[PDB]
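Participant:
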RNA sequence: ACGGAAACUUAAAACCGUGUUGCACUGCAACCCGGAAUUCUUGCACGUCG
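In my numbering, the protein residues as written are 185 to 480.
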């Protein structure tokens, strides 16, 4: 199989975390794959979605930053051997990403920290944008304060995706026509242009090659969680949300509250990923992605 | 089936009100309308008497 390197031009975007006034640089793929099962009904016929409801034969990364020509792959959660001073102990957690090479030098306390943190403010700015609210009835309009992320003028988000090339060819069938991503996208946000380039082969999936660093907020099955946890350096998030879509036209309710693992986490053993489903009450299934992809 | 899907940073309010380009100032001081030209040169109160 090949893989696909996806270069964007994401100027402003808004992937919230717990509301709207904040943002995140990363899109954990249960947010991205859920778009691919709602921005496929707007092009297919609910047959393209039904072609890919619960197969998970396609492994795709998340939407991680890139500053110029180098992928800003995430800061892994491995125990650093910081035999140096305690300032650069604290300076690691103020660093979310790093380029594609320095990770092995990073993990043993043998790396720079005041250049990687100096390219944090080369990614882009955590902006805000005030707006004014509803004429609720006839009363006085409120504001609503909504905050975003803004990239630098030479950045965007990257993506690596592999699997069956027919169901990979239907990703790029969809993405050449997927509109403004992000959350608050009916305004000017999350708009971008997807371009194809040939991948870096320094980032192969090392599923068992003694580099068990993932590139996707993922999850194994519930039983096999007991196997891939003895040396897992992992963090837990929430991947909740709301549901209120056509063919589900009622009052808006939520997805089921899941907690996937981290996205650059390093483990003890290989594992498998599968499409968890988050529908709680109602008609059509809604489902989280959780199908990881690995790194040297 | 993206912590999504909807929303105006909006409605009114005069950079206005009091204020002279004004007050003192000769178009004034000095000079002749002044100097040389004959009202003149020709010229009879008379011719005329049985």
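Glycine included, each C-beta is placed from N, C-alpha and C at the ideal position.
Could you tell me how far apart the beta carbons of residue 387 and residue 479 are, in whole angstroms, since I believe they sit closer than 8 Å?
Facilitator: 5 Å
Participant: With residue 315 as the anchor, note down where its beta strand (DSSP E) starts and where it stops.
Facilitator: 312 to 316
Participant: Is residue 208 helix, strand or coil when you go by DSSP?
Facilitator: Note: residue 208 maps to coil in three-state DSSP.
Participant: Check whether the stretch 219 to 228 and the stretch 399 to 409 touch, using three or more Cβ-Cβ pairs below 8 Å as the test.
Facilitator: no
Participant: Find the nearest neighbour of residue 301 within the set 251, 341, 350, judged by alpha-carbon distance.
Facilitator: 251
Participant: Hey, could you find the ends of the beta strand (DSSP E) residue 191 is sitting in?
Facilitator: 187 to 191
Participant: Can the beta-carbon of residue 373 be found less than 8 Å from the beta-carbon of residue 197?
Facilitator: yes
Participant: Who pairs with residue 386 in a beta bridge, going by DSSP?
Facilitator: Paired residues: none, contrary to the question.
Participant: Can residue 397 be considered in contact with the ligand SAM, in the sense that its beta carbon sits closer than 7 Å to one or more heavy atoms?
Facilitator: As for the ligand SAM, it is missing from this structure, which has no ligand bound.
Participant: With 16 other CB atoms within 10 Å as the buried threshold, where does residue 407 fall?
Facilitator: exposed
Participant: On the DSSP bridge assignment, give the partners of residue 396 in chain order.
Facilitator: 479
Participant: Does the beta-carbon of residue 211 have 16 or more other beta-carbons within 10 angstroms, so that it is buried, or is it exposed?
Facilitator: buried
Participant: Would you check if the distance between the CB atom of residue 481 and the CB atom of residue 311 is smaller than 8 Å?
Facilitator: Residue numbering for the chain in the displayed model covers 185 to 480; residue 481 lies beyond these limits and cannot be assessed.
Participant: Alpha carbon to alpha carbon, how far is residue 305 from residue 362?
Facilitator: 29 Å
Participant: If you follow the beta strand (DSSP E) that residue 250 is part of, which residue opens it and which one closes it?
Facilitator: 248 to 251
Participant: Please determine, among 283, 315, 275, 314, the residue with the shortest C-alpha to C-alpha distance to residue 298.
Facilitator: 275
Participant: Helix, strand or coil: how does DSSP classify residue 300 here?
Facilitator: coil
Participant: Taking the C-alpha atoms as reference points, what is the distance between residue 216 and residue 296?
Facilitator: 33 Å
Participant: Kindly indicate which residue of 473, 439, 466, 464 has the alpha-carbon position closest to the one of residue 445.
Facilitator: 473
Participant: Please return the same chain residues whose Cβ sits closer than 8 Å to the Cβ of residue 466, not counting the five positions on each side in sequence.
Facilitator: In chain order, 427, 432, 434, 437 place their CB closer than 8 Å to the CB of residue 466, counting only its own chain and leaving out the 5 sequence neighbours on each side.
Participant: Please state whether DSSP places residue 420 in a helix, a strand or coil.
Facilitator: coil
Participant: Measure how close the beta-carbons of residue 261 and residue 344 come, nearest whole angstrom, since I'm counting them as under 8 Å.
Facilitator: Not a contact, Cβ separation roughly 20 Å.
Participant: Alpha carbon to alpha carbon, what distance is there between residue 259 and residue 228?
Facilitator: 38 Å
Participant: Apart from the five residues on each side of it in sequence, which residues of its chain come closer than 7 Å, Cβ to Cβ, to residue 187?
Facilitator: 344, 345, 346, 383, listed in sequence order.
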